[PDB]
Amino acid sequence: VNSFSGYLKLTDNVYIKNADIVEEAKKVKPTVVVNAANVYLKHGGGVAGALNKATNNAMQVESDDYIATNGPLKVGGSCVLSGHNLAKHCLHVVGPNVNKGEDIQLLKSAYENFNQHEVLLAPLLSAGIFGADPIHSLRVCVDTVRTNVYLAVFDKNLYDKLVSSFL
Ligand SMILES: O=C(Nc1ccc(C(=O)NCc2c(C(=O)O)sc3ccccc23)cc1)NC1CC1
């Protein structure tokens, strides 16, 4: 038993809710919140910009130190940093950005990072400003993640479309 509430169960291990991931993280304080990161951990907009703003820019300060030490992530890769006031940990995962021409097959590799964590709060990777089809992103998530994932979808219209079209 865990503290996530109001989710629709899609599969044995995947759950989904129309929710603002920032507000969900603050309420649940999950062990892991997933950030829709870029390779530079520049959290300017989308989910990343919102998460970082909620931490009063502490996420960005920590991230800049990480990059200065380690260099950029790979597309499809991840790193674990602090969750600040939102979670124990933040798993920063880089899905391919279609608006940069990155290979959509890297989406599966991105979701594989979720399997290193028993339970996660996450957005749909490569959705929103990353330019991928969220329905496809949900399918890859369901077909790749084996651990327990609670998906927060900000847009109500999109959430209803994801549920109604789910096979
Ligand atoms: O900006 C904020 N949040 C916020 C911003 C952006 C996103 C986001 O990229 N989602 C991904 C997404 C969907 C959705 O979630 O709609 S459908 C879909 C389909 C394919 C791929 C992805 C995808 C998520 C959350 N919050 C600040 C105002 C307080």
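As a basis for the values below, the full set of heavy atoms in this structure was taken, side chains included, without hydrogen atoms, waters or symmetry mates. Counting starts at 1 for both ligands and their atoms, following the listed order. Numbering of residues begins at 1 and proceeds along the displayed sequence.
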Among all protein non-hydrogen atoms, which one is nearest to [atom], and what is the separation to 0.1 Å?
atom: atom 8 (C) of ligand 1; answer: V47 CG2, 3.4 Å
atom: atom 22 (C) of ligand 1; answer: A127 CB, 0.5 Å
atom: atom 29 (C) of ligand 1; answer: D20 OD2, 3.8 Å
atom: atom 19 (C) of ligand 1; answer: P134 CB, 1.0 Å
atom: atom 9 (O) of ligand 1; answer: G128 CA, 3.5 Å
atom: atom 15 (O) of ligand 1; answer: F154 N, 3.0 Å

Count the heavy atoms of every other residue, nucleotide or ligand shown that sit under 6.0 Å from [atom1] of [X], and state whether that count exceeds 12.
X: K74; atom1: NZ; answer: no
X: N115; atom1: CG; answer: yes
X: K42; atom1: NZ; answer: no
X: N99; atom1: CG; answer: yes
X: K29; atom1: NZ; answer: yes

- Query: Which atom pair, heavy atoms only, marks the closest approach of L107 to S137?
  - Reply: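 Shortest heavy-atom contact: CD2-CA, 3.9 Å.
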- Task: Calculate, to the nearest 0.5 Å, the distance between atoms CG and OH belonging to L121 and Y150 respectively.
- Result: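 Going from CG on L121 over to OH on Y150, the span is 10.5 Å.
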- Distance (rounded to the nearest 0.5 Å) between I67 CD1 and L41 CG: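 Answer for the CD1-CG pair, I67 versus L41, is 4.0 Å.
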- Please examine the side chains of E62 and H84, heavy atoms only from C-beta on, and report whether any two atoms are closer than 4.5 Å.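 Touching, per the 4.5 Å side-chain cut-off.
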- Message: Counting only heavy atoms closer than 4.0 Å, does ligand 1 sit against the backbone of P123, its side chain, both, or neither?
- Response: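 Neither; nothing of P123 gets under 4.0 Å from ligand 1.
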- Query: How does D133 reach ligand 1, if at all, at less than 4.0 Å between non-hydrogen atoms: by side chain, backbone, both, or neither?
  - Reply: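 Backbone only; the side chain of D133 stays clear of ligand 1.
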I need the atoms of ligand 1 closer than 4.0 Å to a non-hydrogen atom of [X], numbered in the order shown.
X: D155; result: 16 (O)
X: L124; result: 11 (C), 18 (C), 22 (C), 23 (C)
X: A50; result: 1 (O), 2 (C), 26 (N), 27 (C)
X: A132; result: 20 (C), 21 (C)

- Hey, does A36 sit under 4.0 Å from ligand 1 if you only count heavy atoms?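 It does not; every heavy atom stays at 4.0 Å or beyond.
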- Taking atom 16 (O) of ligand 1 as the point of reference, which of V22, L151, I135, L158 owns the nearest heavy atom?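 Comparing heavy atoms across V22, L151, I135, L158, the nearest one to atom 16 (O) of ligand 1 lies in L158.
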